[PDB]
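The form deposited in one PDB entry is given below as one chain in structure tokens.
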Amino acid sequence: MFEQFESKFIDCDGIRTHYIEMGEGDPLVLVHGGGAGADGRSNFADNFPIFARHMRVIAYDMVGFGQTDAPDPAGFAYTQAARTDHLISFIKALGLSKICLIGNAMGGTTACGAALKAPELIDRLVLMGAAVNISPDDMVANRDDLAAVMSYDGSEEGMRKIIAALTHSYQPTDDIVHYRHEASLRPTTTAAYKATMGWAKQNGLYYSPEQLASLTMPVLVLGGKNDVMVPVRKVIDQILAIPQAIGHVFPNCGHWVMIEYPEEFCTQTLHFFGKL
């Protein structure tokens, strides 16, 4: 699946990184969600053609995910800072400056982190159901809805469970499910995933109110009103905690804003990027 995009690869301080790209113009980098089997292709396939008509759009696979290297977690710690540093490295490896950047959930943690740490690279930020204020306690507090993703058994039913919980009125195709299931099952990505989630569960995906307020560039915060993974009140706190943030809440919409309402998602983001 997803062979309509050309797989490309580049070295990011020793991490071999898969990405796809399309279109021309200013660079736009998309960062996918952190659930089992997720990658750039599968998260953003529906948005890519629309974005490509106006920008040079780019979706990479996060360290531990997809076709990017998944270093053995016997020797590699799967921390937020590792994702964050990976992203920063990726942007530099490609020679990109002044990017627009969109992050989904954990990809949102990562996009935020990179915006905090290397803001000179990033002109505009979009946080889409971003896990940027989810403490360890919040994880425990939302343990029931997070289980499908956090304690993923490795089964097909498990993957259907993950997607049911990422969505409000979206039926994925068998092909989508099969793709993420099969991807999830590679032994290296399985182990990197368990480490990834175990660390998330213990440490949270979190920045402090003061950290969020220090972001130096324009921000668009998006969220599905029915999102069970990053609940709308968390998205609302992000809007309030980030002085300059535009906020936009989507009704009849679960976590997967970009897939449930691909045109509206693209419209609102492209408009925010000055492309409409």
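Residues that one form lacks are left out of the comparison. Heads up, when I say rigid core I mean the largest set of C-alphas that superpose within 1.5 Å between the two forms. All residue numbers are counted from 1 along the displayed sequence.
One more form of this protein, deposited in another entry, exists but is not displayed; see below.
Per-residue Cα shift between this form and the one not shown after core alignment stays below 2 Å for all of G154, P136, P119, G198 except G154.
When two forms of a protein are overlaid on their rigid core, residues whose CA moves 2 Å or more are considered shifted, and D72 is not one of them between this form and the one not shown. Core-superposed comparison between this form and the one not shown: residues with C-alpha shifts of 2 Å or more form a single run of three or more, at 142 to 162.
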